[PDB]
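S.K.: Quick one: the structure is below, questions incoming.
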Amino acid sequence: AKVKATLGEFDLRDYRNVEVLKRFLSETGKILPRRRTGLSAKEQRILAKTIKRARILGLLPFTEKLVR
Amino acid sequence: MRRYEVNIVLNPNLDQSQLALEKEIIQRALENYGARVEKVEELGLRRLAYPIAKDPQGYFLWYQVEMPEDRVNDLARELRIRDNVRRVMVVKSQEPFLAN
Amino acid sequence: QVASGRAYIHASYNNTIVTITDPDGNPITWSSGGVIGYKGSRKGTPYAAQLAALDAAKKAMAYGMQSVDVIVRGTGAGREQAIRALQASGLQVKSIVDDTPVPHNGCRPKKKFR
Amino acid sequence: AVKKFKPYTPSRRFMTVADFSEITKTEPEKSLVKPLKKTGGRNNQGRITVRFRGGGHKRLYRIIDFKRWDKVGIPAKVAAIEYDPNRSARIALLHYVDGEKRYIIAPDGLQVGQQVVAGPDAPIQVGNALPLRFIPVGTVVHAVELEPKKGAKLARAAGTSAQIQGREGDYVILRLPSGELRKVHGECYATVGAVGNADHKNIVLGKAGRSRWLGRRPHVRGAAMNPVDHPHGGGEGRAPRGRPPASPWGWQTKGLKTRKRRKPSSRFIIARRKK
Amino acid sequence: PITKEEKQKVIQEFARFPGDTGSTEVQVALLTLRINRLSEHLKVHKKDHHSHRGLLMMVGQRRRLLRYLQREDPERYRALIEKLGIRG
RNA sequence: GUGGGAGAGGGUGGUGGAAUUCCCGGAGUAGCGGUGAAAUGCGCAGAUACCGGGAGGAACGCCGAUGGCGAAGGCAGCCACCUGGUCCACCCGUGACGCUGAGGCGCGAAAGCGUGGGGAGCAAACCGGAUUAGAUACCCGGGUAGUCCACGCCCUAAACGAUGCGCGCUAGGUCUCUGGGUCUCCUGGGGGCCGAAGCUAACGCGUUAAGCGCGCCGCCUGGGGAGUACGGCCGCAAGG
Ligand SMILES: [Mg+2]
Ligand SMILES: [Mg+2]
Ligand SMILES: [Mg+2]
Ligand SMILES: [Mg+2]
Ligand SMILES: [Mg+2]
Ligand SMILES: [Mg+2]
Ligand SMILES: [Mg+2]
Ligand SMILES: [Mg+2]
Ligand SMILES: [Mg+2]
Ligand SMILES: [Mg+2]
Ligand SMILES: [Mg+2]
Ligand SMILES: [Mg+2]
Ligand SMILES: [Mg+2]
Ligand SMILES: [Mg+2]
Ligand SMILES: [Mg+2]
Ligand SMILES: [Mg+2]
Ligand SMILES: [Mg+2]
Ligand SMILES: [Mg+2]
Ligand SMILES: [Mg+2]
Ligand SMILES: [Mg+2]
Ligand SMILES: [Mg+2]
Ligand SMILES: [Mg+2]
Ligand SMILES: [Mg+2]
Ligand SMILES: [Mg+2]
Ligand SMILES: [Mg+2]
Ligand SMILES: [Mg+2]
Ligand SMILES: [Mg+2]
Ligand SMILES: [Mg+2]
Ligand SMILES: [Mg+2]
Ligand SMILES: [Mg+2]
Ligand SMILES: [Mg+2]
Ligand SMILES: [Mg+2]
Ligand SMILES: [Mg+2]
Ligand SMILES: [Mg+2]
Ligand SMILES: [Mg+2]
Ligand SMILES: [Mg+2]
Ligand SMILES: [Mg+2]
Ligand SMILES: [Mg+2]
Ligand SMILES: [Mg+2]
Ligand SMILES: [Mg+2]
Ligand SMILES: [Mg+2]
Ligand SMILES: [Mg+2]
Ligand SMILES: [Mg+2]
Ligand SMILES: [Mg+2]
Ligand SMILES: [Mg+2]
Ligand SMILES: [Mg+2]
Ligand SMILES: [Mg+2]
Ligand SMILES: [Mg+2]
Ligand SMILES: [Mg+2]
Ligand SMILES: [Mg+2]
Ligand SMILES: [Mg+2]
Ligand SMILES: [Mg+2]
Ligand SMILES: [Mg+2]
Ligand SMILES: [Mg+2]
Ligand SMILES: [Mg+2]
Ligand SMILES: [Mg+2]
Ligand SMILES: [Mg+2]
Ligand SMILES: [Mg+2]
Ligand SMILES: [Mg+2]
Ligand SMILES: [Mg+2]
Ligand SMILES: [Mg+2]
Ligand SMILES: [Mg+2]
Ligand SMILES: [Mg+2]
Ligand SMILES: [Mg+2]
Ligand SMILES: [Mg+2]
Ligand SMILES: [Mg+2]
Ligand SMILES: [Mg+2]
Ligand SMILES: [Mg+2]
Ligand SMILES: [Mg+2]
Ligand SMILES: [Mg+2]
Ligand SMILES: [Mg+2]
Ligand SMILES: [Mg+2]
Ligand SMILES: [Mg+2]
Ligand SMILES: [Mg+2]
Ligand SMILES: [Mg+2]
Ligand SMILES: [Mg+2]
Ligand SMILES: [Mg+2]
Ligand SMILES: [Mg+2]
Ligand SMILES: [Mg+2]
């Protein structure tokens with residue numbers, strides 16, 4: 001169920017792309033590992049390094065509670 | 001001159017009039033600093049991932065610009081001066097990096 | 001008297017504290033390992049935590065509570081047993097969520113956590 | 001900066017002097033000075049009522065503007081920065097476009113040749129004056145009034161600054177130079193920025209004579225006196241205090257609080273100071 | 001940074017023959033350019049020790065060429081360092 | 001030179017949230033805390049646990065990696081400015097301009113020192129409680145320097161790869177990071193593992209040599225006494 005597949009063309013720099021990006025954050029809000037996002041080394045850097053921005057502007061969470 | 005993307009969030013709970021005023025302060029400020037507006041996109045409110053100034057929602061702005069390198073810092077300071085502006089974040093505009 | 005509320009379980013290595021509150025977040029009653037009659041190390045055991053959550057809910061059901069949402073903090077032994085106790089208590093347990101504090105590398109810990 | 005001397009005399013070895021770099025005018029503006037009545041620390045009865053005062057340099061008193069809401073909306077240029085013997089801080093000569101001239105105490109960062117203005121509408125930049133309510137919460141400020149139109153009373157000494165903390169109805173919340181947390185009325189004017197000459201405290205007077213120039217005569221210890229003169233008086237040889245350390249007048253002098261408890265301004269002080 | 005344009009003028013005013021990039025002349029001149037800017041950068045940023053090494057390398061670099069240039073044509077050596085204002 | 005690239009490389013200025021602490025309002029009751037078990041301690045003068053408000057400082061969770069960068073020490077939220085090294089492709093420019101390096105000069109973790117700030121957490125010294133024959137310790141409750149910021153000192157280390165720099169030559173397999181191509185794969189440059197030949201007292205090294213060779217430098221000459229003494233230079237002192 002690797003996330004990269006379940007999406008088409010996307011830009012790893014558009015930090016306002018909240019709807020797309022919000023998949024790359026686990027159920028608990030944490031940035032997902034390369035073993036789940038399917039991104040290569042080089043790409044996961046741009047992925048994270050933008051996700052952080054999107055949090056700052058208020059569009060992504062820093063953390064979430066965990067419901068069972 | 002270089003290309004940047006001014007992002008700004010405002011007090012969501014204003015009237016439409018005062019809202020324009022802050023933009024009037026903003027727009028006059030951009031001009032005072034030699035900013036040149038290119039694209040510009042105004043999405044307004046958006047449900048926030050977390051409260052900013054204890055407020056679940058917030059009004060957005062955004063303008064791609066062209067202005068001098070040395071002046072962006074001094075501008076953001078001036079951009080942040082109003083008690084209603086709540087976040088400013090100028091990012092160097094860079095070409096899209098694509099997957100798939 | 002209130003219908004719905006919340007249950008807070010502070011479950012640590014040394015003790016398990018259970019507090020039931022109202023909707024706005026105000027405590028109604030509390031109980032814990034000490035309250036039910038243990039001292040020392042016994043305060044923290046799962047059986048101890050059980051008596052706590054039960055006595056806590058017993059006290060809470062006295063004032064009219066029926067349905068709560070359970071809030072969990074801490075990686076205690078008597079955490080999971082306390083969770084049991086509340087569901088089996090006579091209460092409705094609408095939902096269970098873990099809001100344990102985790103720092104993003106903040107204050108230097110005591111030497112025992114290094 | 002602070003200027004040292006080579007140890008060519010025993011007293012020069014430690015003595016340090018102010019750097020005076022910010023000064024551009026070595027003469028006070030005549031139409032703003034008046035003579036200082038030296039008192040020697042003696043009152044209208046002629047009695048010393050503040051011991052050990054007198055014999056310092058002569059001084060011309062510079063008339064300072066501690067109001068500023070006096071001239072709202074009229075800007076002024078900073079013509080010079082001058083030495084004022086009556087304070088720690090430096091002073092700024094303003095030429096109003098009004099033509100009128102005034103002094104204010106000089107903030108840090110002020111430039112010779114820049115402009116400043118006072119009022120509800122002033123930009124929040126160094127040297128401007130506004131009622132406290134219109135200064136953004138968190139910016140540091142000086143020359144603060146204590147009650148509206150009563151004059152700037154707080155943060156006036158070199159290097160000092162007060163800082164706005166938050167608001168509560170008609171009142172704003174200041175952290176004073178001492179760290180005390182106080183409510184001040186929002187109509188109290190204040191000037192954005194801190195006072196300059198912050199290097200002031202690092203000045204080493206250097207010898208007895210310097211203090212003398214400052215009009216400060218020698219202070220004699222209680223322990224060096226006789227019982228008639230002082231609680232610590234007398235004893236054969238040196239002596240410890242032998243009672244709680246006391247003033248010449250007998251009150252306890254290590255620790256004992258003296259603020260009047262029932263003082264009406266108590267409703268306005270949130271937290272007494274620190275350190 | 002230094003810009004493309006700003007740099008060309010240097011390349012253009014020092015080239016030995018019409019097409020020249022990177023003769024000792026141009027080489028030194030290009031180096032003298034980044035040196036004098038870094039010097040001014042360190043004048044403000046006194047705590048940028050890492051970039052000082054860069055400077056010391058460039059200063060070192062320009063030095064070794066000047067020795068080369070001064071060795072082959074002395075007349076030409078003194079000519080370049082006058083237009084660049086260099087000795088001390 | 002031209003054209004591109006990756007990066008916690010360095011300096012300045014800002015700014016985001018998580019958490020700890022203290023303060024304030026609420027609501028609430030008989031315990032909380034801590035250990036192997038305990039005590040000290042805190043708590044009806046209302047603690048803990050929970051909700052709201054506020055203050056301040058320090059460090060940046062997930063990403064994060066057997067990863068990246070730097071000459072070394074070392075460098076990790078994010079944003080802008082200023083700046084260094086370095087790789088790649090084109091094969092365009094100069095024409096041996098190179099290598100090394102006694103002295104010199106600069107950089108240099110922590111602790112430490114000077115003047116001034118700052119001080120939430122942590123914590124030498126110190127106090128108290130336990131343990132014990134004793135416990136000037138290990139464990140628990142407190143706690144000051146300091147840890148943070150600016151400027152100026154100190155210059156040490158298991159400052160390590162215990163491996164000086166540069167160049168050339170001597171099988172390959174595989175994993176990874178980062179450029180470029182004719183994108184199976186080929187070619188460069190870094191980071192690991194196993195291995196040809198060879199080296200090694202052995203362990204192990206092996207195109208990142210500890211192999212075969214050249215250049216220049218630093219260093220060793222039985223253990224202790226001793227990194228001591230004396231002299232000398234450096235430092236505020238510690239001390240180098
Ligand atoms: Mg604001
Ligand atoms: Mg316990
Ligand atoms: Mg402690
Ligand atoms: Mg000065
Ligand atoms: Mg001196
Ligand atoms: Mg002198
Ligand atoms: Mg001198
Ligand atoms: Mg003498
Ligand atoms: Mg002397
Ligand atoms: Mg002075
Ligand atoms: Mg002086
Ligand atoms: Mg001065
Ligand atoms: Mg007169
Ligand atoms: Mg007078
Ligand atoms: Mg009289
Ligand atoms: Mg009389
Ligand atoms: Mg007196
Ligand atoms: Mg007197
Ligand atoms: Mg003065
Ligand atoms: Mg002094
Ligand atoms: Mg005097
Ligand atoms: Mg005195
Ligand atoms: Mg005396
Ligand atoms: Mg005496
Ligand atoms: Mg006597
Ligand atoms: Mg008498
Ligand atoms: Mg008497
Ligand atoms: Mg007496
Ligand atoms: Mg006596
Ligand atoms: Mg006598
Ligand atoms: Mg005596
Ligand atoms: Mg006698
Ligand atoms: Mg005597
Ligand atoms: Mg005696
Ligand atoms: Mg005596
Ligand atoms: Mg004596
Ligand atoms: Mg006596
Ligand atoms: Mg005494
Ligand atoms: Mg006595
Ligand atoms: Mg006595
Ligand atoms: Mg008053
Ligand atoms: Mg170079
Ligand atoms: Mg030369
Ligand atoms: Mg309370
Ligand atoms: Mg009572
Ligand atoms: Mg709270
Ligand atoms: Mg490297
Ligand atoms: Mg060629
Ligand atoms: Mg040397
Ligand atoms: Mg050091
Ligand atoms: Mg240190
Ligand atoms: Mg000491
Ligand atoms: Mg210190
Ligand atoms: Mg101090
Ligand atoms: Mg003890
Ligand atoms: Mg004992
Ligand atoms: Mg002890
Ligand atoms: Mg301890
Ligand atoms: Mg000290
Ligand atoms: Mg220290
Ligand atoms: Mg190592
Ligand atoms: Mg190495
Ligand atoms: Mg060694
Ligand atoms: Mg050895
Ligand atoms: Mg060497
Ligand atoms: Mg060798
Ligand atoms: Mg490749
Ligand atoms: Mg490629
Ligand atoms: Mg390789
Ligand atoms: Mg590595
Ligand atoms: Mg091997
Ligand atoms: Mg073999
Ligand atoms: Mg290989
Ligand atoms: Mg060997
Ligand atoms: Mg011998
Ligand atoms: Mg020997
Ligand atoms: Mg020695
Ligand atoms: Mg030693
Ligand atoms: Mg000696």
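Lettering and numbering for the structure tokens are positional, with chains as A, B, ... in the shown order, residues counted from 1 in each chain, and ligands counted from 1 in the shown order.
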Could you pull out the residues sitting within 6 Å of ligand 14, using only C-alpha atoms (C1' of nucleotides) and all ligand atoms, and write them as a list in words?

M.R.: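 Counting only what the definition allows, namely only C-alpha atoms (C1' of nucleotides) and all ligand atoms, the set is residues 35, 36 and 37 of chain D.
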
S.K.: Could you save the residues just selected, with N, CA, C and O atoms, as a PDB file, in the first residue's frame?

M.R.:
```pdb
ATOM      1  N   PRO D  35      20.042  77.894  34.955  1.00  0.00           N
ATOM      2  CA  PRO D  35      21.005  77.550  36.002  1.00  0.00           C
ATOM      3  C   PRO D  35      20.480  76.568  37.045  1.00  0.00           C
ATOM      4  O   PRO D  35      19.341  76.656  37.507  1.00  0.00           O
ATOM      5  N   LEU D  36      21.364  75.647  37.420  1.00  0.00           N
ATOM      6  CA  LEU D  36      21.090  74.636  38.429  1.00  0.00           C
ATOM      7  C   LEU D  36      21.367  75.193  39.818  1.00  0.00           C
ATOM      8  O   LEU D  36      22.503  75.543  40.147  1.00  0.00           O
ATOM      9  N   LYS D  37      20.333  75.296  40.638  1.00  0.00           N
ATOM     10  CA  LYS D  37      20.567  75.690  42.013  1.00  0.00           C
ATOM     11  C   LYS D  37      21.189  74.520  42.783  1.00  0.00           C
ATOM     12  O   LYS D  37      20.493  73.575  43.127  1.00  0.00           O
TER      13      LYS D  37
END
```

S.K.: Would you kindly return, as a PDB file with C-alpha atoms, in the first residue's frame, each protein, DNA or RNA residue with an atom no farther than 6 Å from any atom of residue C:30, considering only C-alpha atoms (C1' of nucleotides) and excluding same-chain residues fewer than 2 positions away?

M.R.:
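Result file follows (around-v1.pdb):
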```
ATOM      1  CA  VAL C  18      -7.687   7.865  37.408  1.00  0.00           C
ATOM      2  CA  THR C  19      -9.759  11.047  37.316  1.00  0.00           C
ATOM      3  CA  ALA C  56     -13.167   5.819  40.543  1.00  0.00           C
TER       4      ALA C  56
END
```

S.K.: Please measure the separation of atom CA of residue D:63 and atom CA of residue D:32, giving the value in Å to one decimal.

M.R.: 5.5 Å

S.K.: Counting only C-alpha atoms (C1' of nucleotides) and all ligand atoms, what are the residues, protein, DNA or RNA alike, that approach ligand 61 to within 12 Å? I want them as a list in words.

M.R.: residues 158, 159, 160, 161 and 162 of chain F

S.K.: For ligand 34, return the neighbouring residues as an mmCIF file with N, CA, C and O atoms, in the first residue's frame (distance at most 8 Å; only C-alpha atoms (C1' of nucleotides) and all ligand atoms).

M.R.:
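Below you can see pocket.cif, which holds the result:
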```
data_model
loop_
_atom_site.group_PDB
_atom_site.id
_atom_site.type_symbol
_atom_site.label_atom_id
_atom_site.label_comp_id
_atom_site.auth_asym_id
_atom_site.auth_seq_id
_atom_site.Cartn_x
_atom_site.Cartn_y
_atom_site.Cartn_z
ATOM 1 N N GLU D 236 36.157 48.935 71.761
ATOM 2 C CA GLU D 236 37.605 49.060 71.792
ATOM 3 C C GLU D 236 38.185 48.207 70.677
ATOM 4 O O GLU D 236 37.888 47.013 70.581
ATOM 5 N N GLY D 237 38.962 48.840 69.801
ATOM 6 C CA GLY D 237 39.452 48.195 68.595
ATOM 7 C C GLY D 237 38.335 48.163 67.577
ATOM 8 O O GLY D 237 37.341 48.879 67.723
ATOM 9 N N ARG D 238 38.497 47.376 66.519
ATOM 10 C CA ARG D 238 37.372 47.138 65.627
ATOM 11 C C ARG D 238 36.361 46.342 66.400
ATOM 12 O O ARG D 238 36.657 45.811 67.464
ATOM 13 N N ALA D 239 35.159 46.266 65.861
ATOM 14 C CA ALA D 239 34.087 45.567 66.525
ATOM 15 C C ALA D 239 33.135 45.124 65.470
ATOM 16 O O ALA D 239 32.888 45.869 64.532
#
```

S.K.: I'd like the interatomic distance between atom CA of residue D:170 and atom CA of residue D:186, to a tenth of an Å.

M.R.: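 It comes out at 5.9 Å.
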
S.K.: Give the helix (DSSP H, G or I) residues of chain C, as DSSP finds them on the backbone, and put them as a PyMOL selection string.

M.R.: chain C and resi 42-44+46-62+78-87+111-113

S.K.: Using only C-alpha atoms, please write the residues we just selected to a file, as a tab-separated table (two decimals), in the first residue's frame.

M.R.:
```tsv
chain	number	residue	atom	x	y	z
C	42	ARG	CA	2.18	-1.81	45.18
C	43	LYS	CA	0.49	1.44	44.11
C	44	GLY	CA	1.67	0.90	40.54
C	46	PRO	CA	-2.12	-3.62	37.29
C	47	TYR	CA	-4.32	-5.16	39.98
C	48	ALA	CA	-3.94	-1.93	41.95
C	49	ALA	CA	-4.84	0.19	38.92
C	50	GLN	CA	-7.92	-2.02	38.54
C	51	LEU	CA	-9.31	-1.25	41.97
C	52	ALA	CA	-8.60	2.41	41.24
C	53	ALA	CA	-10.51	2.73	37.97
C	54	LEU	CA	-13.36	0.70	39.44
C	55	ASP	CA	-13.62	2.72	42.68
C	56	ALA	CA	-13.17	5.82	40.54
C	57	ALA	CA	-16.04	4.87	38.26
C	58	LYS	CA	-18.05	3.69	41.24
C	59	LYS	CA	-17.67	7.16	42.73
C	60	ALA	CA	-18.35	8.71	39.32
C	61	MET	CA	-21.55	6.70	38.71
C	62	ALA	CA	-22.76	7.89	42.10
C	78	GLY	CA	-1.56	-0.68	35.27
C	79	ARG	CA	-2.45	1.34	32.20
C	80	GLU	CA	-4.03	-1.44	30.22
C	81	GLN	CA	-5.78	-3.02	33.22
C	82	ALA	CA	-7.29	0.38	34.05
C	83	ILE	CA	-8.67	0.51	30.54
C	84	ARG	CA	-10.34	-2.86	31.14
C	85	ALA	CA	-11.87	-1.76	34.41
C	86	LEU	CA	-13.65	1.22	32.91
C	87	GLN	CA	-15.35	-0.69	30.07
C	111	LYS	CA	20.44	11.29	34.64
C	112	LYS	CA	18.19	8.21	35.08
C	113	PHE	CA	16.69	8.83	31.64
```

S.K.: Pick out the closest residue to chain A from this set: C:25, C:77, C:71, C:108. Count only C-alpha atoms.

M.R.: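 Once distances to chain A are computed over only C-alpha atoms, the minimum belongs to C:71.
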
S.K.: Identify, on the basis of only C-alpha atoms (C1' of nucleotides), every residue whose closest approach to stretch 39-51 of chain A does not exceed 9 Å; exclude the query and any residue fewer than 3 positions from it along the same chain; express the result as a ChimeraX atom specification.

M.R.: /A:3-4,12-15,21-22,24-25,31-36,54-56,60 /B:97,99 /F:6,63,67,78,177

S.K.: Kindly work out which residues sit at most 10 Å from ligand 74, using only C-alpha atoms (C1' of nucleotides) and all ligand atoms, and give the list as a list in words.

M.R.: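 Here is the list of contacting residues: residues 163, 199, 200, 205 and 210 of chain F.
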
S.K.: Taking only C-alpha atoms (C1' of nucleotides) and all ligand atoms into account, which residues have an atom no farther than 9 Å from ligand 18? I'd like them as a ChimeraX atom specification.

M.R.: /D:39-42,47-54,216-217

S.K.: Smallest atom-to-atom distance to residue F:61: which of C:41, C:105, C:1, C:100, using only C-alpha atoms (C1' of nucleotides)?

M.R.: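 Comparing C:41, C:105, C:1, C:100 against residue F:61, the winner is C:105.
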
S.K.: Please check which protein, DNA or RNA residues sit within 12 Å of ligand 35, counting only C-alpha atoms (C1' of nucleotides) and all ligand atoms, and write them as a PDB file with C-alpha atoms, in the first residue's frame.

M.R.:
```
ATOM      1  CA  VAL D 220      31.958  57.617  56.712  1.00  0.00           C
ATOM      2  CA  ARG D 221      31.031  54.170  58.051  1.00  0.00           C
ATOM      3  CA  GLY D 222      28.949  53.807  61.189  1.00  0.00           C
ATOM      4  CA  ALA D 223      31.510  51.402  62.590  1.00  0.00           C
ATOM      5  CA  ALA D 224      34.100  54.193  62.462  1.00  0.00           C
ATOM      6  CA  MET D 225      32.002  56.468  64.717  1.00  0.00           C
ATOM      7  CA  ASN D 226      30.936  56.759  68.397  1.00  0.00           C
ATOM      8  CA  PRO D 227      27.703  55.643  70.093  1.00  0.00           C
ATOM      9  CA  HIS D 232      27.561  50.843  65.214  1.00  0.00           C
ATOM     10  CA  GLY D 233      29.578  53.340  67.206  1.00  0.00           C
ATOM     11  CA  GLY D 234      32.376  52.719  69.675  1.00  0.00           C
ATOM     12  CA  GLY D 235      33.928  49.560  71.043  1.00  0.00           C
ATOM     13  CA  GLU D 236      37.605  49.060  71.792  1.00  0.00           C
ATOM     14  CA  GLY D 237      39.452  48.195  68.595  1.00  0.00           C
ATOM     15  CA  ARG D 238      37.372  47.138  65.627  1.00  0.00           C
ATOM     16  CA  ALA D 239      34.087  45.567  66.525  1.00  0.00           C
ATOM     17  CA  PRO D 240      31.398  43.550  64.818  1.00  0.00           C
ATOM     18  CA  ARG D 241      27.944  45.137  64.676  1.00  0.00           C
TER      19      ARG D 241
END
```

S.K.: Return as a PyMOL selection string the residues belonging to chain E that are within 12 Å of chain F, counting only C-alpha atoms (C1' of nucleotides).

M.R.: chain E and resi 1-2+4+7-8+11-12+15-28+30+34-35+37-58+61-72

S.K.: Show which residues sit within 10 Å of stretch 13-26 of chain B, as a CSV table (one decimal) with N, CA, C and O atoms, in the first residue's frame. Count only C-alpha atoms (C1' of nucleotides), and ignore same-chain residues fewer than 6 positions away.

M.R.:
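The new file result26.csv reads:
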```csv
chain,number,residue,atom,x,y,z
B,32,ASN,N,6.5,50.1,-1.1
B,32,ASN,CA,7.6,50.9,-0.4
B,32,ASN,C,8.9,50.2,-0.4
B,32,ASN,O,10.0,50.9,-0.4
B,45,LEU,N,-10.1,32.1,4.1
B,45,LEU,CA,-10.1,31.1,5.2
B,45,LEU,C,-9.7,29.7,4.8
B,45,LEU,O,-9.7,29.4,3.7
B,55,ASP,N,-7.4,30.4,17.6
B,55,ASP,CA,-8.5,30.6,16.6
B,55,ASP,C,-8.3,29.5,15.5
B,55,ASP,O,-7.3,29.5,14.8
B,57,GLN,N,-9.4,28.8,12.7
B,57,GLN,CA,-9.4,29.1,11.3
B,57,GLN,C,-8.6,30.4,11.0
B,57,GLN,O,-8.3,31.2,11.9
B,58,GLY,N,-8.2,30.6,9.7
B,58,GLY,CA,-7.4,31.7,9.3
B,58,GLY,C,-7.4,32.1,7.9
B,58,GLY,O,-7.4,31.3,7.0
B,59,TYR,N,-7.3,33.5,7.6
B,59,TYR,CA,-7.4,34.0,6.3
B,59,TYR,C,-6.0,34.1,5.6
B,59,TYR,O,-5.1,34.7,6.1
B,61,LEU,N,-3.3,34.9,2.3
B,61,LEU,CA,-2.9,35.6,1.1
B,61,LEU,C,-1.7,35.0,0.5
B,61,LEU,O,-1.2,34.0,1.0
B,78,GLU,N,8.5,44.6,8.5
B,78,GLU,CA,7.4,45.5,8.3
B,78,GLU,C,6.1,44.8,8.0
B,78,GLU,O,5.0,45.3,8.4
B,79,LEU,N,6.2,43.7,7.3
B,79,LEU,CA,5.0,42.9,7.0
B,79,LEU,C,4.4,42.3,8.3
B,79,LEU,O,3.2,42.1,8.4
B,80,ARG,N,5.2,42.1,9.3
B,80,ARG,CA,4.8,41.5,10.6
B,80,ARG,C,4.3,42.4,11.6
B,80,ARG,O,3.8,42.0,12.7
B,82,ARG,N,1.8,44.6,11.9
B,82,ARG,CA,0.4,44.8,12.3
B,82,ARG,C,0.0,43.7,13.2
B,82,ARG,O,0.4,42.6,13.1
B,83,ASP,N,-0.9,44.1,14.2
B,83,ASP,CA,-1.3,43.2,15.2
B,83,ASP,C,-2.3,42.1,14.6
B,83,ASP,O,-2.5,41.1,15.3
B,84,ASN,N,-2.8,42.3,13.4
B,84,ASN,CA,-3.6,41.4,12.7
B,84,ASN,C,-2.9,40.3,11.9
B,84,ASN,O,-3.3,39.2,11.7
B,85,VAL,N,-1.7,40.7,11.3
B,85,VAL,CA,-0.9,39.7,10.6
B,85,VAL,C,-0.4,38.7,11.6
B,85,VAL,O,0.0,39.1,12.7
```

S.K.: Please report, as JSON lines, each residue of chain F lying at most 9 Å from chain C, together with the nearest pair of atoms and the separation in Å rounded to one decimal; use only C-alpha atoms (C1' of nucleotides), and order rows by chain and ascending residue number.

M.R.:
```
{"residue": "F:18", "atom": "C1'", "partner": "C:103", "partner_atom": "CA", "distance": 5.2}
{"residue": "F:19", "atom": "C1'", "partner": "C:103", "partner_atom": "CA", "distance": 4.3}
{"residue": "F:20", "atom": "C1'", "partner": "C:107", "partner_atom": "CA", "distance": 6.1}
{"residue": "F:26", "atom": "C1'", "partner": "C:26", "partner_atom": "CA", "distance": 8.0}
{"residue": "F:27", "atom": "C1'", "partner": "C:26", "partner_atom": "CA", "distance": 4.8}
{"residue": "F:28", "atom": "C1'", "partner": "C:27", "partner_atom": "CA", "distance": 5.5}
{"residue": "F:29", "atom": "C1'", "partner": "C:30", "partner_atom": "CA", "distance": 7.6}
{"residue": "F:30", "atom": "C1'", "partner": "C:35", "partner_atom": "CA", "distance": 7.4}
{"residue": "F:31", "atom": "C1'", "partner": "C:34", "partner_atom": "CA", "distance": 6.8}
{"residue": "F:32", "atom": "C1'", "partner": "C:34", "partner_atom": "CA", "distance": 8.7}
{"residue": "F:33", "atom": "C1'", "partner": "C:14", "partner_atom": "CA", "distance": 8.7}
{"residue": "F:34", "atom": "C1'", "partner": "C:14", "partner_atom": "CA", "distance": 7.9}
{"residue": "F:35", "atom": "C1'", "partner": "C:41", "partner_atom": "CA", "distance": 8.0}
{"residue": "F:37", "atom": "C1'", "partner": "C:41", "partner_atom": "CA", "distance": 8.1}
{"residue": "F:38", "atom": "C1'", "partner": "C:40", "partner_atom": "CA", "distance": 8.0}
{"residue": "F:48", "atom": "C1'", "partner": "C:17", "partner_atom": "CA", "distance": 8.8}
{"residue": "F:49", "atom": "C1'", "partner": "C:19", "partner_atom": "CA", "distance": 6.0}
{"residue": "F:50", "atom": "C1'", "partner": "C:27", "partner_atom": "CA", "distance": 5.9}
{"residue": "F:51", "atom": "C1'", "partner": "C:25", "partner_atom": "CA", "distance": 4.4}
{"residue": "F:58", "atom": "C1'", "partner": "C:107", "partner_atom": "CA", "distance": 6.5}
{"residue": "F:59", "atom": "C1'", "partner": "C:106", "partner_atom": "CA", "distance": 4.5}
{"residue": "F:60", "atom": "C1'", "partner": "C:105", "partner_atom": "CA", "distance": 5.4}
{"residue": "F:61", "atom": "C1'", "partner": "C:104", "partner_atom": "CA", "distance": 3.7}
{"residue": "F:120", "atom": "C1'", "partner": "C:107", "partner_atom": "CA", "distance": 8.1}
{"residue": "F:121", "atom": "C1'", "partner": "C:107", "partner_atom": "CA", "distance": 4.7}
{"residue": "F:122", "atom": "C1'", "partner": "C:108", "partner_atom": "CA", "distance": 5.7}
```

S.K.: Once you count only C-alpha atoms (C1' of nucleotides) and all ligand atoms, which residues end up within 9 Å of ligand 69, and could you hand them over as number ranges by chain?

M.R.: F: 189-191, 208

S.K.: Mind dumping the selected residues with C-alpha atoms (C1' of nucleotides) as a PDB file, in the first residue's frame?

M.R.:
```
ATOM      1  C1'   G F 189      33.242  11.497  -7.281  1.00  0.00           C
ATOM      2  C1'   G F 190      32.285  10.269  -2.020  1.00  0.00           C
ATOM      3  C1'   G F 191      30.411   6.402   2.059  1.00  0.00           C
ATOM      4  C1'   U F 208      39.474   4.503   1.098  1.00  0.00           C
TER       5        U F 208
END
```

S.K.: Between chain C and chain A, at 8 Å or less, what are the per-residue closest atom pairs and their distances in Å? Count only C-alpha atoms, order by chain and rising residue number, and return it as a tab-separated table.

M.R.:
```
residue	atom	partner	partner_atom	distance
C:95	CA	A:67	CA	7.4
C:96	CA	A:67	CA	5.9
C:97	CA	A:67	CA	4.3
C:98	CA	A:66	CA	5.4
C:99	CA	A:65	CA	5.5
```
